[PDB]
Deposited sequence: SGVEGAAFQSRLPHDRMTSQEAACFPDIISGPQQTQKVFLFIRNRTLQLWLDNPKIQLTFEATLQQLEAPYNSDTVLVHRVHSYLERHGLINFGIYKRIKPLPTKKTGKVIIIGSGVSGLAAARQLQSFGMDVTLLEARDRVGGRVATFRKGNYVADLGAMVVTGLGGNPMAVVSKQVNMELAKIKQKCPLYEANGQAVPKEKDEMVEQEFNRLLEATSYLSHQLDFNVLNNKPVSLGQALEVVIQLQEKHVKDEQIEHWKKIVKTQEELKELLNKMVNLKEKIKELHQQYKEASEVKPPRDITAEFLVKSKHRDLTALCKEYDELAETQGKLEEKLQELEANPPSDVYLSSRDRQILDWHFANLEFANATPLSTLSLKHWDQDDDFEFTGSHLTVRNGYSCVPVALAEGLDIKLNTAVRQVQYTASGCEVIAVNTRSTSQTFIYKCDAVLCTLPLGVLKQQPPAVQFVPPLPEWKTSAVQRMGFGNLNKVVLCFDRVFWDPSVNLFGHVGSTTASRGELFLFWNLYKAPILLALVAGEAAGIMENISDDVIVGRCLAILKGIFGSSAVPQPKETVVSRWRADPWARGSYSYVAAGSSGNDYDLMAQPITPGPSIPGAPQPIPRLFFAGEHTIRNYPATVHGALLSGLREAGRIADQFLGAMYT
């Protein structure tokens, strides 16, 4: 109940957030019980919205739907309700309005980009009564959530999975858009470059190795301050190499201590065979004497009294000859490993790297080893899902009733303390251009776009140093996919995933994974790490060929017709994107995502914020995702409304 609401809202259910404390400075300085009441109303209200997010949740509705000691402080409830509504915590996505939108509209805002962050914010601003318009360079909305659809085929070339619903706003949006989510089975059989499979231990041993290795990386950073080596920020790749070497080293040592023992023992067997050989010389000599044989009766008794002493010693040695050799054996039969890495084991340990690079959108040498997991104390509760209906349904549903200008690429953004102007061009006819006047501009331009040195969008006035330093510092990875549409299915339906073991450590992530989750005859081969960019420079036919080759190596040549339809993404070559999403670069931190979020005041000639930023690269705890983009939009729509409503 109520407690699960605060959760689905990324909110403490017994504490007040820094924000809530600022907007309610009275309740914070005020007693406790009162607060406890606040938290309840707050929690209850979210429950109500969360229980049915397909219809607007009004103050009035929030009043009779209450317990009896609460439905009485009308004022607090209203305060709380407005707070929640303002910040996009209780009235976002696509819902039914019960009260038509005002006929006239306060301010004027221009939003650059029809991505999820764009549509999300525009949608908020529109209900806050502002005048919004969106300029999109492409001929469709969604942006980095692209959906391929031909015949009965449908696949996501962009965003593909919903990473859990526990606290994920995509849960609300999901029930609003009517989204068909299907869980992804946690099972991936790894096949080898030659065409065939991995035992099991092989996988269990490596995956184990992967984990422990990655654990070290962590231990060295936080626990040891190992992130600034030779006036340079330490990389993940770096640490992964430091680590492996010390493990490669431990192996050498053991192979040496072993070799030493084996050696010593061999030398002792030699020094014994010698002592034996030289003892028999003495023995044999007594059997020469014993044969020639009162002092002949006491002589024979003595020589045989001695010859039984030497012989009793020759047995001592024969006892060592056995106890030593015995030990000699042990060492050759139970000897340690030659390497910590087989030409194969490594080639497999790579996969787990490729996979890691695929998740991060960039090779490890580029990840700030110190900060690549600040976003982890913020993950969702639940199995990761997919959208077999096409993630494109979310943005297409949010794009309803909005003034969106497609095929309109922005070239310049001028902003002053008297207003702002946006200049764009028709991507279908450069002959015609446009000018848009507005009070505020909301930039949701991909970070890979704000990085093109020969700029695609010129700001006037250009933009402070701190803003650009952040842009230069932050990372923008790449990651692509191949779509294979087949006549029929030729792989286990029980198999959602399954990887390709790459030959070289440099080509670790080239077609290192195949998806099938598409409860249909559709296959997705992925490209991560260094292969991402590079491969974008290859004809589709050639890329497909490599795929069929890889697959034919698992089900043999004939259980694999040619695809009926095929598609290849190239998010780096795409002008409207210039990559996949952000990643914490070696010399950057979460603080940089905060800088990218900070708005810009344009004077003077007493200034007010005119240029605002939202997008997958402006949200600290949820970067590189669809929910981060959507949350960023809701964040700015609030900040903007807060600036232009009152003043």
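**Q** Which parts of the deposited sequence lack C-alpha coordinates?
**A** 1, 295-302, 615-619, 662-664 are the stretches of the deposited chain that have no C-alpha coordinates in the structure.
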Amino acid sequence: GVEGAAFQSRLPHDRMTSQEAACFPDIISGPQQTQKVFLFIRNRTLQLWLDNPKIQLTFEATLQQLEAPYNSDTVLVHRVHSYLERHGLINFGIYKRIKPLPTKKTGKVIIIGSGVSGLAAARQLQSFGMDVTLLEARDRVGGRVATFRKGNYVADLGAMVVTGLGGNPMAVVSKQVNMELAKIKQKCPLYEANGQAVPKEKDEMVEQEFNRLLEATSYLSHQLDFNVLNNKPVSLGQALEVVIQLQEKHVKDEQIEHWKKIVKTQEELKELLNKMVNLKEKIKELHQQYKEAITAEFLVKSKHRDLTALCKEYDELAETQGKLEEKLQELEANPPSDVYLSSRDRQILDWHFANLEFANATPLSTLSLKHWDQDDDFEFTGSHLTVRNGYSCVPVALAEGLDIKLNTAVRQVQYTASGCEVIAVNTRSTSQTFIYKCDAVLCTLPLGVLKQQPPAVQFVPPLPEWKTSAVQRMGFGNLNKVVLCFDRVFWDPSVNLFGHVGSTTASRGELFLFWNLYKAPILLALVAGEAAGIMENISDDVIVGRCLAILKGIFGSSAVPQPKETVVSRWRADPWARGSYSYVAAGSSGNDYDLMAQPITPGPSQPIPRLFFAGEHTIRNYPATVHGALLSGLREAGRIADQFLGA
From here on, numbers count along this sequence of modelled residues.
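**Q** Between 142-150 and 413-421, point out the one with the higher average CA B-factor as the PDB entry records it.
**A** Of 413-421 and 142-150, the stretch with the higher C-alpha B-factor average is 413-421.
**Q** What stretch has the higher average Cα B-factor here, 360-368 or 251-259?
**A** The entry gives the higher C-alpha B-factor average to 251-259.
**Q** Sort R473, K437, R212, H78 by C-alpha B-factor from the entry and give me just the highest.
**A** Top of the list by C-alpha B-factor: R212.
**Q** Using the entry's values, work out which of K301, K467, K96, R572 has the largest Cα B factor.
**A** In the PDB entry, the greatest C-alpha B-factor among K301, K467, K96, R572 is found at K301.
**Q** Sorting by Cα B-factor within the chain, modelled residues only, which third would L165 end up in: lowest, middle or highest?
**A** Lowest third of the chain for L165's C-alpha B-factor.
**Q** Split into thirds by Cα B-factor across the chain's modelled residues, where does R10 land: lowest, middle or highest?
**A** Lowest third.
**Q** Among the chain's modelled residues, which third holds the C-alpha B-factor of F38?
**A** For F38, whose C-alpha B-factor we compare with every modelled residue in the chain, the answer is the middle third.
**Q** Rank-wise, by C-alpha B-factor, drop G615 into the lowest, middle or highest third of its chain.
**A** Ranked within chain, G615 CA B lands in the lowest tercile.
**Q** Classify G499 as lowest, middle or highest third according to the C-alpha B-factor given in the PDB entry, relative to its own chain.
**A** As the PDB entry reports it, the C-alpha B-factor of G499 lands in the highest third of its chain.
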